[PDB]
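Enquirer: this one is an experimental structure. Sequence first:
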Amino acid sequence: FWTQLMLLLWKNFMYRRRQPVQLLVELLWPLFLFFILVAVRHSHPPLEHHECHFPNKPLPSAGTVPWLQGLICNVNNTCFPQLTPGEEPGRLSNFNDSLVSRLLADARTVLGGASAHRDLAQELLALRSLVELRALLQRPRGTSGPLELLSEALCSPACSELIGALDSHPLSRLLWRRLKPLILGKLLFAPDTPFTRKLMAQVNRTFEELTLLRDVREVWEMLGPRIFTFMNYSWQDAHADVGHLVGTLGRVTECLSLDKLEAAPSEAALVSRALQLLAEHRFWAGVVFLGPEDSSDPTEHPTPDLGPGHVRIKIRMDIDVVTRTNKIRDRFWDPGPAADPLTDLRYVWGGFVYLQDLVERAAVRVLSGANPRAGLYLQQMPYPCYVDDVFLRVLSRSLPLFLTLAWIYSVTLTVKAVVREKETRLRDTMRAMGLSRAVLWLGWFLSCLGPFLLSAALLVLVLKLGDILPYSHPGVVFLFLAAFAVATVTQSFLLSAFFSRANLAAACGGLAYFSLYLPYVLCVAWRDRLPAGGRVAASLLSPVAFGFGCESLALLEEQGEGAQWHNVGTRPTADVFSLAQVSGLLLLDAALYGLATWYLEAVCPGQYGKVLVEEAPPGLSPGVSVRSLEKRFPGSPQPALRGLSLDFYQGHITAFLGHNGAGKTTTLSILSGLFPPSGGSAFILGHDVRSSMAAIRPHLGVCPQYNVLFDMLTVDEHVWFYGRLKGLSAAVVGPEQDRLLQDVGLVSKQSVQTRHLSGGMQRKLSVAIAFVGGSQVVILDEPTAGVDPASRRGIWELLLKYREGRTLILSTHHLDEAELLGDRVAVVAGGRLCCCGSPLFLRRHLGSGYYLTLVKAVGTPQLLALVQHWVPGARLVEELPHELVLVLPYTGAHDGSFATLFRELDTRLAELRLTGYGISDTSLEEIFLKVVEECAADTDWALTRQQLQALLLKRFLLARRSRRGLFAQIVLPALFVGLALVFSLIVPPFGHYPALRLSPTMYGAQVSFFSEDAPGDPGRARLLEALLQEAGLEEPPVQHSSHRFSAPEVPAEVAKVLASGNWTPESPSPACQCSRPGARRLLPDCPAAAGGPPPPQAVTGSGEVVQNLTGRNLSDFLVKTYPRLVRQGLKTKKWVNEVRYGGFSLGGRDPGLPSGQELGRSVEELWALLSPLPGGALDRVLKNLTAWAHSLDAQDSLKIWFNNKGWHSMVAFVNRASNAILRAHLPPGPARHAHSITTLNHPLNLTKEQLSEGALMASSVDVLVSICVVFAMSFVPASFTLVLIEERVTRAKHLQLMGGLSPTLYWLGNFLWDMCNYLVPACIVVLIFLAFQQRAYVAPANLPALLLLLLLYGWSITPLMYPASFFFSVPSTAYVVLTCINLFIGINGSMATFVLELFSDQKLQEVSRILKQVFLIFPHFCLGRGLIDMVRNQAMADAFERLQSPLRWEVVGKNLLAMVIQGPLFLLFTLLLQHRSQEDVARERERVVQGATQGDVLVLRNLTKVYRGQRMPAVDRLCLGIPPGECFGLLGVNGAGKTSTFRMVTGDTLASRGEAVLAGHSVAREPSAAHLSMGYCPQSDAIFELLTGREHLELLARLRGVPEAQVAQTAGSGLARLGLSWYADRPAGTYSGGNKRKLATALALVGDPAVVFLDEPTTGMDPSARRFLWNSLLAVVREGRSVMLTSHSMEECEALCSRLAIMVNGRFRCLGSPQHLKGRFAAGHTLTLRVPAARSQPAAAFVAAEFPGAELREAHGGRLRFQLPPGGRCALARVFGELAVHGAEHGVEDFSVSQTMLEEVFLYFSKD
Ligand SMILES: *[C@@H]1O[C@H](CO)[C@@H](O[C@@H]2O[C@H](CO)[C@@H](O[C@@H]3O[C@H](CO)[C@@H](O)[C@H](O[C@@H]4O[C@H](CO)[C@@H](O)[C@H](O)[C@@H]4O)[C@@H]3O)[C@H](O)[C@H]2NC(C)=O)[C@H](O)[C@H]1NC(C)=O
Ligand SMILES: *[C@@H]1O[C@H](CO)[C@@H](O[C@@H]2O[C@H](CO)[C@@H](O[C@@H]3O[C@H](CO)[C@@H](O)[C@H](O)[C@@H]3O)[C@H](O)[C@H]2NC(C)=O)[C@H](O)[C@H]1NC(C)=O
Ligand SMILES: *[C@@H]1O[C@H](CO)[C@@H](O[C@@H]2O[C@H](CO)[C@@H](O[C@@H]3O[C@H](CO)[C@@H](O)[C@H](O)[C@@H]3O)[C@H](O)[C@H]2NC(C)=O)[C@H](O)[C@H]1NC(C)=O
Ligand SMILES: Nc1ncnc2c1ncn2[C@@H]1O[C@H](COP(=O)(O)OP(=O)(O)OP(O)(O)=S)[C@@H](O)[C@H]1O
Ligand SMILES: Nc1ncnc2c1ncn2[C@@H]1O[C@H](COP(=O)(O)OP(=O)(O)OP(O)(O)=S)[C@@H](O)[C@H]1O
Ligand SMILES: *[C@@H]1O[C@H](CO)[C@@H](O)[C@H](O)[C@H]1NC(C)=O
Ligand SMILES: *[C@@H]1O[C@H](CO)[C@@H](O)[C@H](O)[C@H]1NC(C)=O
Ligand SMILES: *[C@@H]1O[C@H](CO)[C@@H](O)[C@H](O)[C@H]1NC(C)=O
């Protein structure tokens, strides 16, 4: 058991040792992909980012100075790792050290002190703020722009000049980019009803209040000169500085739109005016005050409540500035704060929130009827520290793909090797020698699995070294890769168990290896949709399981601890498989694959997809015995093998004799261990083979018919393997090897150590191998099945050298080989034992005896009396004239009695007029036919015009016969797209911008804040209560108090930690969380169970959670608690639903001075004094100053926290806050439900310049239809090339070439035909498009472009694939391959270009236009993308002007021109490819050389052919002279060179040396003239299957030139000459064997060629048809036309052909007429002697002495034949008595004489 496994492993390794290239490829190819992956990883390393806090952004409702401070200071949005002052619950303003704030505070306290007084100089002098202001005023420029000075202070042609000055600094250029649209904008409102007029007046009041500096200016200019004239460092500097500041402020006010507010009557006019302003770049925003009572709201409810009181608003702006409003959350989650002002924070610089706040404030002021106050601020939540790395998701989604791409190659090699050893049956013989399937399959396991576990280790090493998977231990990953390798090996064997062909299985198994990877890709995208349980079901496929384990590997890799011994059995997340449980599924799937193979091998088993007896030897010992053995196949009800009672004896070479199909191979195989005997017994050597099992194998050796040799194994290795397996010991295998080696004499050939280098001789080695075990019994099967006659001598000699002591049973089909070797013969026919006996005993048991024929140049009774005188018995069977056959009596035949007859005949020969007597022995050929037949009975330009017409006719008749094939290949693709048009009538979603109802409820269930700070005010209570009302909570405020505690319990384990620390809520309460430790990386931050430890009170309303976080550290709480909400949804990482989005905090501390009443009192006192103006401008200014002083208090404020990862979070909560304020200021009752505000978002239409880019988004569904059109139209040309491939595979194409047809005209006819075929689908497609009214297609300008595209695409694509006919030798496979190639090129190119154009965010990828201009050199890409450009061009024109043409040569014109250029060159290429190629014997040999005979039709002259690599000519130095009026004959054994001679003479194959002339026409000089008068009929039956034979005949006649009227009669005569009457109307495909041959012969005969060539005309043909062939050829030769014919039927040549030539090794031997040959050498008699002594000297000595001629013919130990001088003058009677005496003189049992037999001519054939 172990030795068999060792031998199998040694063989499997010996295969691989020989090839040093496939091993290198399989070792290096998998590593290249991972080196590429290592390079990619080295390209993009991860980046680490720390914590950062964001500053505060104030809204205009809070104020104007802080709002400007936020506009300029907070542009950069720089992170601050430390806490910012704005986040503290008390502080609401960040800038405390700002110069402006210091100036304001100092001024307020100075006026307060002055009002208290009425010392002032002392208070004012000690002020740093005044000194700083003076220094800032005294600045000699030094700044790029005034914005720099403004920043330093805080933290019209003149206007254009100021902008140009600002252009100097790019950083300030961004500031002006943010400022210019709002400064110079044109606000608009489509409704102009008086209510909207009131609203816009309220809004305009803000800008009117902003326009109050000019009044202070003019009071300055009218009070300046008064003081200047009154009084005339302090004075001179002060006056100049005040004047300069006033002038600068006035210059700033010069660039003011002032009345930016404008109105429009309608929405359409609104859009038009906005577009015009955008063209002028003067547009900022547009507003629409749509009324709910109008109810004209697209895709939204008309109104929530009936009647007025509800305000619905739409703010439309430029698309480039407002965020796209199609989707809510990003499609790929990112590990970042999502806070970059340029890319994601668009509303801050866009201005949407500013205008929303202004409009909401105006609306609440109008509706409520009161004056609310609420300073709104915007604050960004802080974010933990993280690491940005895109590479880990790349591994999560891409690692399985690279592994499968690396391991496809080994699966291909394994499947090809298994199917190779399966197809050639080299494995099937190993079962007979004893080896069982288990050993072979275990050898396959342990041998194929080798390279997999040598590549897995290298991959693991590369993974660890290349930093792709660091911080992990290689053992755990190896224990997974090895499981995958086992699973894929079993899968490869399962695939190998499907097919029975080598190349097909090798190419197809690699397809099913990849096709099972698709479900993983299809299910990873639908991660949430699939249930948990179905994942295990989908994990049955091995790559799916590998991917599902690889996601867990990557997920554990993120957390800093890769696959390691600590966490092998731990699930990283609730619904991801642990790395351990994946291996179990992989091994279970491998076992399932093994069981599937085990079952599948059982579906088709077994199939390799008269009582006259003599039993009496001198020693009776039945070493082998078969008794009543019978076997029945289920397919045939009659048994395959019937009763076989034949016995065997040791030492006798018993031979089976029977025709093919008699059950000989089955009977031989039953005795061996390959099939079960159905019944009876098969006792061998005394113990049955089934029972004896391996005990009988060492004494039995079997060699079957098919050759059993392993190609790569050397000469000696075969004997080594085949001796070791039988159980032979190690020391003597050397000797048995040497014995068989010299017995065949291959010692020197053992040095080269090759097995596939030597050919033909291998059968000798295969026969010898059967004797390696010294077996007592040997069962050979056809030892001479397919070897040449030159080598059968060695097989005969060895099989007779091993004849003594070893029973040998062989099976031969030839009748000759049943007498030379067989000691007994058993006749089998139809699976039954017809006859048995011995060769000598069989011959004697006939009714007739010994034949003596008497020819005539007197009277039978005189001869009868003379014969009766010498021998009494005389049977007279034949008495016809000219021959007198006498039957000598075998019963009582005597050597002397027959002798005396010839003695008297010679003396009386003259007067008897016999002139020769013929003695004939009873031949064994006819008795075999006699008994079997008896046994069977017992059981029972003018030429061109006719030339083009025929080619079209042949193709036309092809379509008529096959209409189902034409319909599917042509009509079905056209109807494929047609049904799609109706099914694709759904609305196309492409990216259009709908209107989104911006509200907080759209996001969904969430957690919200209602923290309160400084609640000591009755007014704040109303707002706090109102905030809860909108959230859906219980209306009464005391409900929370009624609920009392509404919080979860504190965890017990955290209580000890809290007690350990101080846990003051304000100061840092909890402990720090985990972070990046330097050597490790973490994506999130993992805290303890104590982050803001006590669960804050939570109340649930209507799908919402509200949390009371008052007096608690908010920043630390948010930072600590953030990752816990996210980690629930990090499993899929596609659409992450955060839980907290936004929250409110009611600030109560005011930044400015709380007491502004004293400032107002001081202002009023100043107004009363100082002579107030009667006009009242100064009084107006001071009244507004007092109003500002009252507004300085800012009694209540509010702050809003928002999460930036939610795009529309800001606006929704601003809307919620404004609605809450409106509810709060409205008194309680039903009025609260009546009043509400709704806000929306809808971007404007695309501008023309923006249309030029957005048209790309407009393509939409067009891509889907274009792909279907390309797919449908990519079918037909493969069907076009199908028929051409079929014609080229058969020789019928060469028949057409040999005819009058020229290949170029044939190609042209094919081109016209298949264009005529292709034209119909184009029209069908056009009418289908026109029927359903596609706007892009039905346009009068577009239609000609589409028609030209379709017609030209058909016209040029066809010549691409005609050259592919030569490459592919099979029709069906080429069809699929070329269709897939067309689909590949077209779809891939079109999709790649279309995607590249869409996503041209970076202009570097836009340069692909030159790549497309390269792609115009390819013809199939032109059709695909060309249709895409057609639809868009009309789409733009439908909106560019209504709200140029495809015929012009830029959209599809380039494609058309280039592809028409491509058209003819491929036809030229294939046409060039078609023409790419550029003593009797001695007397006749000299005659041709000396002179040429004009009568000779065919004259060969020194013809020679040399195949490459053979080094010996197939035909060498061949020359012949053939007279015209006779019929020739050529003879030779298979392999002599007949077919090569016919091909060079005919012209199919090039001639290496020499030329032939036909009818005075040289082949090289003018082949076409020679082609006219020749008719060729090879062995191959070159006909068109689909057409009927008659159509073939009319077609060839039309090529021949028969007049059209007589064509039918010519066809009738041509068919009637060779039957075919019943098969005339039947297609050539459905013909029997002989019918095709006779049809081909008739086709060669039709047209009456001058010379007709026939290669093997008769091969298994009925005698009647061959007789018709005789008659036809006799008539032809009567007419005077030469017929060259070659066949192996020797009786045919003698009867008809005038001359016969026999050829060996390409050289003639006789070259004479049959009658000359029959007399020159084939005359005389040959004595046949049987000698058991095996001594040549005793037999040769007496024959040579008695007869002068001592030539030896057919010398063998079994039987010896002799040659003696022919035509002996002495009587033949001399030998008979001489034989009688010399049988005693020298050892000879019996003899026979061969004198002028019918077989004498046959014996002549064999020897020469
Ligand atoms: C609400 O919770 C907040 C959580 O951040 C907390 O913020 C802390 O604010 C204080 C300053 O008021 C800072 O405390 C730091 O504590 C660490 C302890 O590890 C000290 O090392 C650190 O000293 C410096 O820290 C720098 C950056 O960490 C470092 O580069 C220097 O070399 C030096 O070591 C500070 O003293 C810190 O900003 C915040 N961290 C904490 C948790 O202390 C708030 O105090 C809390 N609410 C309030 C307003 O009290
Ligand atoms: C949100 O949480 C705050 C936590 O301060 C709640 O305010 C507190 O509510 C309780 C009644 O449930 C009151 O406590 C009172 O404290 C004073 C001493 O300051 C004591 O003399 C009283 O007998 C009473 O215990 C008070 O309203 C307030 N306590 C404070 C200032 O801490 C608030 O009620 C929660 N939200 C809602 C709407 O329930
Ligand atoms: C800006 O783009 C909008 C996109 O909706 C254009 O509105 C659409 O314009 C078409 C005319 O081109 C109109 O279609 C009408 O639709 C109603 C049903 O809503 C139908 O009953 C009418 O018979 C007509 O087909 C309509 O104004 C509107 N169509 C819609 C809402 O689907 C708008 O014209 C563009 N404006 C400019 C000047 O760019
Ligand atoms: N695969 C098969 N193997 C053996 N016998 C078969 C097979 N298929 C059919 N038969 C039966 O075998 C009989 C026909 O003769 P076979 O036994 O096939 O001849 P054979 O032994 O192949 O002939 P030769 O001349 O020895 S190669 C009929 O009973 C068939 O139904
Ligand atoms: N596949 C092959 N086709 C043609 N010739 C071959 C082939 N293989 C070897 N030969 C050479 O051709 C000669 C043997 O075949 P030929 O005698 O030319 O033809 P043939 O065997 O009589 O042809 P048939 O009757 O069609 S099998 C020797 O020179 C061979 O070496
Ligand atoms: C500075 O201190 C606190 C910080 O918020 C602030 O309330 C106060 O008004 C500031 N002082 C001034 C007026 O600059
Ligand atoms: C809006 O304000 C401007 C001043 O900026 C004023 O000229 C104009 O008349 C106002 N329009 C309305 C509708 O009040
Ligand atoms: C502010 O000025 C406006 C004029 O623009 C005046 O109508 C209004 O009464 C003033 N408001 C107060 C209260 O100062």
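Expert: Everything's here; your move. Numbering: from 1, shown residues only. Ligands and ions are numbered 1, 2, ... in the order given.
Enquirer: can you check which helix is longest in the chain?
Expert: helix 391-423 (DSSP state H).
Enquirer: which positions in the stretch 1451-1600 of the chain make contact with ligand 5?
Expert: For the stretch 1451-1600 of the chain, the residues in contact with ligand 5 (C-beta under 6 Å from any ligand atom) are 1507, 1510, 1514, 1534, 1535, 1536, 1537, 1538, 1539, 1540, 1579. Heads up, the C-betas are built off the backbone N, CA and C, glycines and all.
Enquirer: can you pick the most crowded of the residues you listed?
Expert: residue 1538 (23 neighbours; other C-beta atoms under 10 Å).
Enquirer: returning to that earlier point: can I get the residues of the stretch 1451-1600 of the chain next to ligand 5 in TSV including distance to ligand 8 and secondary structure?
Expert: Formatted as TSV, those follow (distance: C-beta to the nearest ligand atom, whole Å; DSSP: H, G, I helix; E, B strand; the rest coil):
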residue	distance to ligand 8	secondary structure
1507	113	coil
1510	115	coil
1514	118	coil
1534	121	coil
1535	120	coil
1536	124	coil
1537	121	coil
1538	121	helix
1539	116	helix
1540	117	helix
1579	115	coil
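Enquirer: can you pick out the most distant pair from these?
Expert: Between any two of these, the greatest separation by C-beta to C-beta is 21.5 Å, found for 1510 and 1579.
Enquirer: please identify the helix or strand for the most centrally placed residue in the chain.
Expert: Nearest residue to the geometric centre of the chain (C-alpha atoms, centre = their mean): residue 511, 6.8 Å. Using DSSP states H and E, residue 511 sits in helix 502-515.
Enquirer: residue 993 now?
Expert: Short version, using DSSP H and E: residue 993 is in no helix or strand.
Enquirer: over to residue 1009?
Expert: strand 1007-1012.
Enquirer: show me what that strand packs onto, helices and strands only.
Expert: helix 1018-1030, strand 1105-1108, strand 1142-1146 (3 or more C-beta pairs under 8 Å, 6 or more residues apart in numbering; DSSP states H and E).
Enquirer: pick the most deeply packed of those.
Expert: Comparing these by mean neighbour count (mean count of other C-beta atoms under 10 Å), strand 1142-1146 comes out on top with a mean of 22.
Enquirer: who touches it?
Expert: 89, 1000, 1008-1013, 1015, 1020, 1023-1024, 1027, 1114, 1196-1203, 1206, 1209-1210, 1212-1213, 1217 (C-beta atoms under 8 Å, 6 or more residues apart in numbering).
Enquirer: and the helix or strand following it, which residues are buried?
Expert: The element immediately downstream of strand 1142-1146 (helix or strand, assigned by DSSP H and E) is helix 1157-1168. For helix 1157-1168, the neighbour count (16 or more other C-beta atoms under 10 Å) marks 1158, 1159, 1160, 1162, 1163, 1166, 1167 as buried.
Enquirer: and the closest residue to the fourth one other than its chain neighbours, how far from residue 638?
Expert: Of all residues beyond its chain neighbours, the one nearest residue 1162 is residue 115 (4.1 Å), with distances taken as C-beta to C-beta, 6 or more residues apart in numbering. When C-beta to C-beta, to the nearest Å is the yardstick, residue 115 and residue 638 sit 134 Å from each other.
Enquirer: quick one, which of those two is more surrounded?
Expert: Between residue 115 and residue 638, counting by other C-beta under 10 Å, residue 115 is the more crowded of the two (16 against 9).
Enquirer: in what helix or strand does that one lie?
Expert: Per DSSP H and E: helix 99-117 holds residue 115.
Enquirer: quick check: the residue of this structure nearest ligand 8.
Expert: Residue nearest to ligand 8 within the chain (C-beta to the nearest ligand atom): residue 1187, separated by 3.2 Å.
Enquirer: what helix or strand does that residue sit in?
Expert: With DSSP H and E as the test, residue 1187 turns up in helix 1177-1191.
Enquirer: quick one, that helix and helix 99-117 angle?
Expert: 100 degrees (axes from the mean of the first three to the mean of the last three C-alpha atoms, to 10 degrees).
Enquirer: can you list the buried residues in helix 1177-1191?
Expert: 1178, 1181, 1182, 1185, 1186, 1188, 1189.
Enquirer: contacts only, for the residue nearest to residue 1162.
Expert: 1158, 1159, 1161, 1162, 1165.
Enquirer: nearest to ligand 5, of those residues?
Expert: So of the contacts of residue 115, ranked by how close each gets to ligand 5 (C-beta to the nearest ligand atom), first place is residue 1159, at 116.0 Å.
Enquirer: surely that closest one and residue 1192 touch.
Expert: Yes - in this structure, residue 1159 is within contact of residue 1192 by C-beta atoms under 8 Å, at 7.4 Å.
Enquirer: report all helices and strands that the helix or strand residue 951 falls within contacts.
Expert: Using DSSP H and E, the secondary-structure element containing residue 951 is helix 942-961. In terms of contacts (3+ C-beta pairs under 8 Å, 6+ apart), helix 942-961 is packed against helix 1303-1331, helix 1589-1600.
Enquirer: now for the shortest one, which elements pack on it?
Expert: Contact analysis of helix 1589-1600 by 3+ C-beta pairs under 8 Å, 6+ apart lists helix 942-961, helix 1607-1617, helix 1633-1645 as its packing neighbours.
Enquirer: which residues sit against that helix?
Expert: Against helix 1589-1600 from outside (C-beta under 8 Å, 6+ apart): 946-947, 949-950, 953-954, 957, 1299-1301, 1583-1584, 1587, 1607-1608, 1610-1611, 1614-1615, 1620, 1623-1626, 1628, 1631, 1635, 1639, 1642-1643, 1646-1647.
Enquirer: going through the residues you listed, which ones are buried?
Expert: Buried among the contacts of helix 1589-1600 by 16+ other C-beta under 10 Å: 947, 950, 954, 957, 1299-1301, 1583-1584, 1587, 1607, 1610-1611, 1614-1615, 1620, 1623-1624, 1628, 1631, 1635, 1639, 1642-1643, 1646-1647.
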